[PDB]
Participant: 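Pasting in a structure now, in structure tokens, and then I'll have a few things to ask.
In what follows, chains carry the letters A, B, and so on, assigned in the order in which the sequence lines appear, proteins first and then strands, with residues in each chain numbered from 1.
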Amino acid sequence: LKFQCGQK
Amino acid sequence: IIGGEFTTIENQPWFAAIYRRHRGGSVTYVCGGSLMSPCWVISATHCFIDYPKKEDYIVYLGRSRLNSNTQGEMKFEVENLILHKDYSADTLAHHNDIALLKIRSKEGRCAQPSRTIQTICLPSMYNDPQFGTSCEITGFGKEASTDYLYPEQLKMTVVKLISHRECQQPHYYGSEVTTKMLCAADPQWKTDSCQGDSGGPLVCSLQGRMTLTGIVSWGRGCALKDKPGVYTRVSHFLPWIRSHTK
Ligand SMILES: N=C(N)c1ccc2[nH]c(-c3cccc(-c4ccccc4)c3O)nc2c1
């Protein structure tokens, strides 16, 4: 629910 | 990419596709890139060198195909185009081949988080994976060095990081490769990046995260023996990046 760099 | 599998953007949600508009009606692909934060995309200065007119570039996020649409894709305008000062190319290599694009949507917004759009993580100051590491590269580039068209579906492949010592060997690239570049190849010289993949990411895991370790930059041929693909060493540009993404 917002960016989480690196997550697919 | 030579070799590789075809994928969808849900598998590379940080990949961005940059196209250029022409008067006459067409938009042609330029290079790939990655999303660092909501408003910033990173790519390679050589992609913009011959035509540094930011108003003629379009950046698309959430795209699995080259010329058709994907549901979920976002389109953007380049608000600030930052090329590297000290960018130089020779007969092969490009030095300081990293660039930043600040994206703005026609409504005045930056990227928003979905299942097809995500940021990739940066490495920490001069920290890299060890040679041997398998990283994956992605993009819409040639499939054979002889092709004159790019695939319509996104491809991906896995390559391993090699050391400078192996790359600077005389029968490879000698001194064309410097400490601010990285080399990556397939053990059996079967897959690699190629023309059309420039600006795209080289992602590996570092301390648990999926990190943008390199940017596709140059190479001699595609998937040739003892001619690895060369990438910009992002860990060595973090100062630069920071200075502009503050
Ligand atoms: N074998 C490789 N690892 C490789 C990777 C990326 C490449 N990109 C190119 C490339 C070749 C001609 C023109 C451009 C180009 C792309 C955009 C703007 C200007 C030139 C390339 O990126 N060759 C490449 C070769």
Side-chain angles (χ1 to χ4, degrees), chain A residues 6 8, chain B residues 1-18 29-34 42-44 46-47 63-66 92-94 97 120 123 128-169 171-173 176-177 181-206 210-235:
Chain A
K8 304 185 180 178
Chain B
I1 297 187
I2 315 294
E5 322 70 52
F6 279 102
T7 37
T8 52
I9 188 70
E10 300 75 53
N11 290 292
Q12 288 291 310
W14 40 79
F15 179 93
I18 308 182
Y29 187 67
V30 173
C31 285
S34 302
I42 193 172
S43 186
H46 88 269
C47 299
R63 229 183 173 115
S64 309
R65 295 180 298 145
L66 187 63
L92 262 173
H94 299 278
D97 200 30
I120 175 50
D128 295 310
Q130 298 288 286
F131 61 96
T133 304
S134 313
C135 299
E136 56 196 43
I137 56 170
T138 181
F140 292 119
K142 294 197 182 186
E143 285 198 85
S145 320
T146 34
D147 298 340
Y148 48 98
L149 287 327
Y150 295 150
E152 277 289 331
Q153 190 59 25
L154 186 62
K155 294 188 67 179
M156 163 189 285
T157 197
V158 171
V159 75
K160 283 189 169 301
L161 298 185
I162 61 178
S163 43
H164 294 92
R165 211 72 64 246
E166 178 178 354
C167 204
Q168 300 172 314
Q169 294 178 66
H171 66 129
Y172 277 46
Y173 290 150
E176 288 283 67
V177 182
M181 294 176 192
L182 298 167
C183 298
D186 164 77
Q188 305 185 303
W189 313 92
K190 239 71 139 304
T191 169
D192 186 12
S193 28
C194 192
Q195 301 151 69
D197 292 309
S198 298
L202 164 63
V203 197
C204 323
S205 22
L206 264 176
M210 274 298 284
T211 316
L212 193 204
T213 290
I215 296 183
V216 187
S217 185
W218 54 286
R220 173 194 183 244
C222 298
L224 288 187
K225 192 164 176 279
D226 300 319
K227 305 296 159 181
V230 194
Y231 305 74
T232 296
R233 191 174 183 150
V234 185
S235 60

Participant: Report yes if the side chains of B:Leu182 and B:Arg233 come closer than 4.5 Å at any heavy-atom pair, otherwise no.
Facilitator: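 Sidechains of B:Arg233 and B:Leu182: in contact.
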Participant: So which atom in B:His171 and which in B:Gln169 form the shortest heavy-atom distance, rounded to 0.1 Å?
Facilitator: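 Scanning both residues, the minimum pair turns out to be NE2-OE1, 2.8 Å.
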Participant: Keeping to residues at least two apart or across chains, list the side-chain hydrogen bond (donor to acceptor under 3.5 Å, both in side chains) pairs with something in residues 144-154 of chain B.
Facilitator: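 Applying side-chain hydrogen bond (donor to acceptor under 3.5 Å, both in side chains) to every pair that reaches into residues 144-154 of chain B, excluding sequence neighbours, yields B:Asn67-B:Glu152.
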Participant: Go through the steps for B:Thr191 and B:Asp186 under the test side chain to side chain donor-acceptor pair (under 3.5 Å), then give the verdict.
Facilitator: CA-CA 6 Å; B:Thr191 169; B:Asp186 164 77; 5.9 Å; no
Participant: Applying side chain to side chain contact (heavy atoms under 4.5 Å, CB included) to B:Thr138 and B:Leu154, what does each step give before you reach the verdict?
Facilitator: CA-CA 7 Å; B:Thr138 181; B:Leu154 186 62; 3.7 Å; yes
Participant: What closest approach, in Å, do B:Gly139 and B:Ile1 show between heavy atoms, and which atom pair accounts for it?
Facilitator: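 Smallest interatomic distance, heavy atoms only, reads N-CD1, 3.6 Å.
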Participant: Atom NZ of B:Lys155 and atom OG of B:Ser193: how far apart are they, to the nearest 0.5 Å?
Facilitator: 12.0 Å
Participant: For the CD atom of B:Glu176 and the SG atom of B:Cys183, what is their distance to the nearest 0.5 Å?
Facilitator: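 B:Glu176 CD to B:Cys183 SG: 11.0 Å, rounded to 0.5 Å.
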Participant: To the nearest 0.5 Å, what is the distance between CD1 (B:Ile162) and NZ (B:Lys160)?
Facilitator: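 It is 12.5 Å, given to the nearest 0.5 Å.
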Participant: Closest approach of B:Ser217 and B:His94, non-hydrogen atoms and distance?
Facilitator: O-CD2, 3.7 Å
Participant: Can you check whether B:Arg165 reaches B:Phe131 side chain to side chain, under 4.5 Å on heavy atoms?
Facilitator: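 No; the side chains remain at least 4.5 Å from each other.
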Participant: Side chain of B:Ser43, backbone of B:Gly32: donor and acceptor closer than 3.5 Å?
Facilitator: yes
Participant: Please tell me if the side chains of B:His46 and B:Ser198 come closer than 4.5 Å, counting only heavy atoms from C-beta onward.
Facilitator: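 B:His46 reaches B:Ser198 side chain to side chain.
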Participant: Say you draw a straight line from NZ of B:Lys190 to CD1 of B:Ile2; how long is it, rounded to the nearest 0.5 Å?
Facilitator: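 It is 13.0 Å, given to the nearest 0.5 Å.
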Participant: Which pair of heavy atoms, one from B:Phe15 and one from B:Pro201, lies closest together, and at what distance?
Facilitator: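 Where B:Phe15 meets B:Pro201 most closely, the heavy atoms are CD1-CD, 3.8 Å.
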Participant: Evaluate side chain to side chain contact (heavy atoms under 4.5 Å, CB included) for B:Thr211 paired with B:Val234, printing each intermediate quantity in order.
Facilitator: CA-CA 10 Å; B:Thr211 316; B:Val234 185; over 6 Å; no
Participant: Which heavy atom in B:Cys204 sits nearest to a heavy atom in B:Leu161, and how many Å separate them?
Facilitator: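 Nearest pair, atom of B:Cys204 first, then B:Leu161: SG-CD1, 4.4 Å.
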Participant: Decide yes or no on side chain to side chain contact (heavy atoms under 4.5 Å, CB included) for B:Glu136 and B:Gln12, but give the supporting numbers first.
Facilitator: CA-CA 10 Å; B:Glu136 56 196 43; B:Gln12 288 291 310; 2.8 Å; yes
Participant: Apply the side chain to side chain donor-acceptor pair (under 3.5 Å) test between B:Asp226 and each candidate in B:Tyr172, B:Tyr173, B:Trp189; give the one that qualifies.
Facilitator: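 So, applying the side chain to side chain donor-acceptor pair (under 3.5 Å) to B:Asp226 and each of B:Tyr172, B:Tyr173, B:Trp189, only B:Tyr172 qualifies.
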Participant: Is there a side-chain contact between B:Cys47 and B:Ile18, using heavy atoms and a 4.5 Å cut-off?
Facilitator: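 The answer is no, as the side chains (C-beta and beyond) never meet within the 4.5 Å cut-off.
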Participant: Please determine whether side chain to side chain contact (heavy atoms under 4.5 Å, CB included) holds for the pair B:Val203 and B:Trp14, giving the CA-CA distance in whole Å, both sets of side-chain angles, and the decisive distance to 0.1 Å.
Facilitator: CA-CA 10 Å; B:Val203 197; B:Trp14 40 79; 3.8 Å; yes
Participant: Rounded to the nearest 0.5 Å, how far apart are CG of B:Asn11 and CE of B:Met156?
Facilitator: 5.5 Å
Participant: Would you say the side chains of B:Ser235 and B:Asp128 form a donor-acceptor pair under 3.5 Å?
Facilitator: yes
Participant: Are B:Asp197 and B:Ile137 close enough that some pair of their side-chain heavy atoms sits under 4.5 Å apart?
Facilitator: no
Participant: Within a strict 4.5 Å, meaning less than it, do heavy atoms of the B:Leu224 and B:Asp192 side chains meet?
Facilitator: no
Participant: With rounding to the nearest 0.5 angstrom, report the CD1 to CG distance, B:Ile120 to B:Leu212.
Facilitator: 6.0 Å
Participant: Where is the tightest heavy-atom contact between B:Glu143 and B:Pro151, given as atom of each residue plus distance?
Facilitator: OE2-CB, 3.6 Å
